[PDB]
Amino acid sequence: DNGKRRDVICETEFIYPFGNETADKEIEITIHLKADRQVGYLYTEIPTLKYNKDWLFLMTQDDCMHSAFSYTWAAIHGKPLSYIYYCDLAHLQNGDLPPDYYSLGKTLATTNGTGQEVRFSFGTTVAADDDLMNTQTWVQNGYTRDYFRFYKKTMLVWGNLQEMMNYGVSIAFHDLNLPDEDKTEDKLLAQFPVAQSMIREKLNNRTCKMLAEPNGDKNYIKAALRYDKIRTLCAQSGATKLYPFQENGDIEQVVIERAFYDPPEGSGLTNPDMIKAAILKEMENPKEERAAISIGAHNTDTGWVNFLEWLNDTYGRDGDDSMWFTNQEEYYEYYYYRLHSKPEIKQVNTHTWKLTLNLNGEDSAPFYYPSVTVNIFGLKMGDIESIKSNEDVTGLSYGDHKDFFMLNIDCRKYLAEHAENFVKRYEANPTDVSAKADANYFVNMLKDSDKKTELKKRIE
């Protein structure tokens, strides 16, 4: 019965198996050259930014906000949007949508430089030790007497966050659920693993390794630095301003500067207005001199949706494609790989070269974004007869970039199974155009293989 009221715990039907992610990757890529395209010398590098992007945009949305799902994630991923209301996952699953719903008609993305979509990525803080994440959702298709079920909740429900994990959204600690008088360095330290246990319980054993400092409270940074599962942090003061082409040190347990760009009081401007201005000023510098545009957000709204679309239209897929729009965790891992992994390329015979690279995360927990870009200098796409890869490589896209050759190498161990889960969701909901688009997007992440061919056939 469609029209009967139900009050449900939002749930998604699969979550990427973060707990099973392998920590160590051994990449072996074999390149076979055409007969009259024998080259003399090849050498390799991991570039400063993934996909050979020019500049970095980092976004972390604080306070575990309902709008991180209903506005930020939904706008990025081509989902139904509202101007004043707040969908939960169960509303989207059931087609119970608010009375002003609309869609942008596209996802918001860059490319990877080798012909594939890379949707914008961001992180949200999590109030994992707060029982309000267990709030129910009222679903009632066709009910128009009121729209109370679409009002803003005080925070994300777990099911919303679980689904966001399937799209690579990151997580961070923020406020912990202690009495204000108990927010001492030592007591906060003891409460971090309590919150972590709930994160792991709900997010298929993903370990959170980031703190977004709350309310300028430096006791949170002091405590987090004694909890070795936290590897990266952000704050507005007491931090390091990130210049991606200049930064040379270890950034393990480093507080990276982030700004909210609040507008002057009564000036009628919005935080997106302020960030847009800061971006324009920063782009006037050569890329090597640019800071990262490292932002925080609280509640997102229609103005934020339009700003994300502006970024897509100006510096993303529908503009000059110069931006890497990602979350701080993915960037942290990439920087770690660039610092510690050393790609090598060796000639096997006159027309065969073997590219090797080891991706090893830190000892705390498996890294969750084990993908890199490797540039090969001296090679062009037109030289290549075939490229093969070993089992640790699950996604592989490549082609010319400027006067050299780039490979985008994804080693997420369960990526093919994850793409198939999106295919199964589409097969169970074959009239959902967004479900078909998601299936095509995840299947296009996979390297050429029998399984990719199978999944492509199922989503024609």
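Sequential numbering from 1, following the sequence displayed.
- Per-stretch averaging of Cα B factors for 239-247 and 115-123 places 239-247 on top.
- Of the two stretches examined, 34-42 and 64-72, the record assigns the greater average C-alpha temperature factor to 34-42.
- Taking the PDB entry at face value, the top CA B factor among 79, 153, 209, 298 belongs to 298.
- Each of 163, 320, 186, 330 has a CA temperature factor in the record; the biggest one is found at 186.
- Per the deposited record, the Cα B-factor of residue 225 falls in the highest third when ranked against the other modelled residues of its chain.
- The entry lists a Cα temperature factor for residue 21 that places it in the middle third of the chain's modelled residues.
- Annotation for residue 144: CA B-factor lies in the highest third of the chain's modelled residues.
- In this PDB entry, residue 430 carries a Cα temperature factor that places it within the highest third of its chain's modelled residues.
- Split the chain's modelled residues into thirds by C-alpha temperature factor. Residue 288 is in the middle one.
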